[PDB]
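Enquirer:
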Amino acid sequence: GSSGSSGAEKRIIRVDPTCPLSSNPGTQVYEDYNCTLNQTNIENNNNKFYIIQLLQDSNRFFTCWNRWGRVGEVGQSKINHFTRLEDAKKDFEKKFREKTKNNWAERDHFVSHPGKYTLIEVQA
Numbered sequence: 034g035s036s037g038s039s040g041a042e043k044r045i046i047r048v049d050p051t052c053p054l055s056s057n058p059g060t061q062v063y064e065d066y067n068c069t070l071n072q073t074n075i076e077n078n079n080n081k082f083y084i085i086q087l088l089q090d091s092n093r094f095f096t097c098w099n100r101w102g103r104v105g106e107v108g109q110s111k112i113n114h115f116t117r118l119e120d121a122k123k124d125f126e127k128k129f130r131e132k133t134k135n136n137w138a139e140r141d142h143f144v145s146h147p148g149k150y151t152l153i154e155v156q157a
């Protein structure tokens with residue numbers, strides 16, 4: 034394990050703040066499984082945001098952090114703990130694709146449907 038290899042730009046992820054584990058030391062965002070989804074509607078300026086990140090503890094246990102609410106505010110907060118890795122992934126992809134009607138792998142041809150959830154990259 035040494036010497037340079039594979040250029041590209043290494044991306045960095047930061048455990049969502051609203052999430053409790055965030056404070057806990059060691060809790061990091063499993064891989065780069067972090068995508069933000071938006072949802073706007075022509076109704077009393079009502080907007081919502083869906084976040085799906087995959088966390089992993091030092092106890093070989095993953096946790097699916099799901100947060101939703103109203104675009105702009107904190108909103109609600111939901112968390113799920115999964116013993117198996119794949120199990121968690123299935124939920125991360127299933128849900129995502131279920132909201133974006135697209136495949137995480139084929140994100141290249143991400144088709145944005147009218148009314149459904151969109152795919153954003155947030156702003157630092």
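One gets PDB author numbering by counting positions in the sequence shown from 1 and adding 33 to each.
Cβ atoms here follow ideal geometry from the backbone N, Cα and C, with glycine treated the same way.
Report, in whole angstroms, the separation of the C-beta atoms of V48 and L54, which I expect to be a contact under 8 Å.
Expert: Start at 1 with the first residue of the sequence shown, and residue 48 comes out as number 15. Start at 1 with the first residue of the sequence shown, and residue 54 comes out as number 21. Rounded, the Cβ-Cβ distance is 7 Å, consistent with contact.
Enquirer: Just to confirm before moving on: does the CB-CB distance between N67 and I153 stay below 7 Å?
Expert: Residue mapping note: residue 67 aligns to position 34 of the sequence shown, counting from 1. Residue mapping note: residue 153 aligns to position 120 of the sequence shown, counting from 1. Not in contact: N67 and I153 (Cβ atoms no closer than 7 Å).
Enquirer: CB-CB under 8 Å to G59, same chain, minus the five flanking residues each way: which ones, in chain order?
Expert: Taking the sequence shown and counting its residues from 1, one reaches residue 59 at position 26. Cβ within range, chain order: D90, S91.
Enquirer: Considering just the uninterrupted stretch of the beta strand (DSSP E) at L87, what are its terminal residues?
Expert: Mapped onto the sequence shown, residue 87 falls at position 54. Unbroken beta strand (DSSP E) run through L87: 79-89.
Enquirer: Hey, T69 and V155 are a contact pair by Cβ (cut 8 Å); roughly how many whole angstroms apart?
Expert: As a working note, residue 69 is residue 36 in the sequence shown. As a working note, residue 155 is residue 122 in the sequence shown. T69 to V155, Cβ: 5 Å. Contact.
Enquirer: Ordered along the chain, which non-local residues of its own chain (more than five positions away) have a Cβ less than 6 Å from that of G108?
Expert: As a working note, residue 108 is residue 75 in the sequence shown. Once the five neighbours on either side are set aside, the close Cβ partners of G108 are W101, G102.
Enquirer: Need the endpoints of the alpha helix (DSSP H) that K149 sits in, please.
Expert: By one-based count along the sequence shown, residue 149 stands at place 116. That residue, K149, is in no alpha helix (DSSP H); it is neither H nor E in DSSP.
Enquirer: What are the start and end residues of each continuous beta strand (DSSP E) run of 3 or more residues lying completely inside the segment 96-147, in chain order?
Expert: The segment 96-147 contains these whole beta strand (DSSP E) runs: 111-115.
Enquirer: I'd like the ranges of any beta strand (DSSP E) spanning at least 3 consecutive residues and lying wholly in the segment 39-77.
Expert: With a minimum length of 3 residues, the continuous beta strand (DSSP E) runs that stay inside the segment 39-77 are 61-74.
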